[PDB]
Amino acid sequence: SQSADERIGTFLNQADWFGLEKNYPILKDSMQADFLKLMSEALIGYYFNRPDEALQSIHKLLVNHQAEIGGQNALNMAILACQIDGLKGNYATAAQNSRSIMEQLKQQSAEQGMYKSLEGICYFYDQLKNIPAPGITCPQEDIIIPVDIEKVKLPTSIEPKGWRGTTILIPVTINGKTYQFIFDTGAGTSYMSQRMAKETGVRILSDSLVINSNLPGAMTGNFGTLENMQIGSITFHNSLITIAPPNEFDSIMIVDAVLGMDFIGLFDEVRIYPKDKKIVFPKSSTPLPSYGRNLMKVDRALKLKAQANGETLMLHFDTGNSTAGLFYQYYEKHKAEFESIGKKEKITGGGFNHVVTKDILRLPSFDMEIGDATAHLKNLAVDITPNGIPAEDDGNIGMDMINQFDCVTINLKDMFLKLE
């Protein structure tokens, strides 16, 4: 039998963010440790898309409780609020406070240690401090966008049938011309080819950023902005755009324009109707289902909490992934079984400036429960070897799941995925 402060402290130690988010509301009124309540609200708001709540809690925590949370925790929370400020588009606030932290670090002679990564964060938002945050205007109504769902053509030297999976192409109009953009929840920010940015007259903002995995907009080194983008009756203002130069991945496929999370994150809810080939941005949101919140946001990545044979697995929710795959860490947990039913296969893929060819495993069929629904993934790729990414998720769920439903409800206000 444990106190409310002990139980909440366990959720933090275990890094059980779904557990923390679900239990904090009822346990809150039984806690005595104000610093621990504040740290809970900050970590919840970070992971479940409540940035202003997190910011207000971090600030109150650093006003009142620095001495009892300890030097490193105070520093960790101050840095968290910087990246929260940055992901919100408070560019000036992020660039100012992180510079201020760098300066305090230098003076305690602790900056060349394990916070030298804070230096690129200061450089990143210092390039943006005079740029408006992303924003939309749109009428108060259900906004219905016709889309295409097309096979992803690949050269037959890498995919003999000439395609691999699908992608959602959403019409975007810029300066009177209408383009097709990929609708990519996996894109931390919107993204353009060098030729797309020149044609659309993108305002280039930097040429020399440190390429950062968790910084949305530092994927290639060059980013820029666009004042005005038209998606139906929606107008998208001051997009932050990653600008990619010609690279080796072009020999796999040319990616000209991608509509990413700087746009998508501005909505309470997005509904994808694959069979009807439409995206709806509704006036009112869907109610939070039975099964609760099953989405989580780590920086810019949406992560789906799913089940497979009664065991939890965490999936990067990435519509820019044309099929679906499971990562090494999950394979390793089920090695013998997957070695049993699995078929070894060579796949060629990659991303910006890397074309990889490796051995994988294809599972004939893999059933996973997503809330009240079951996704049936056929011919599911499985990494049998760690794939040069620090293991975090159990897999990356993409269009192979989306296309087998009539309505995919992505709700960001309350952080859930619903499939009907």
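Throughout, we count residues from 1 along the sequence that is shown.
In this entry, 309 to 317 shows the higher mean Cα temperature factor of the pair 309 to 317 and 176 to 184.
Relative to one another, 289 to 297 and 113 to 121 have unequal mean CA B-factors, and 113 to 121 is the one with the higher figure. Which of 345, 262, 103, 269 has the largest Cα B-factor in the deposited entry comes down to 103. Among 329, 323, 140, 238, the highest C-alpha B-factor recorded in the PDB entry belongs to 140. Among all modelled residues in its chain, residue 349 ranks in the lowest third by Cα B-factor. In the PDB entry, a CA B factor belonging to the middle third of its chain's modelled residues is recorded for residue 403.
Split the chain's modelled residues into thirds by C-alpha temperature factor. Residue 232 is in the middle one. When all modelled residues of the chain are sorted by CA temperature factor, residue 26 is found within the lowest third. Per the deposited record, the Cα B-factor of residue 217 falls in the highest third when ranked against the other modelled residues of its chain.
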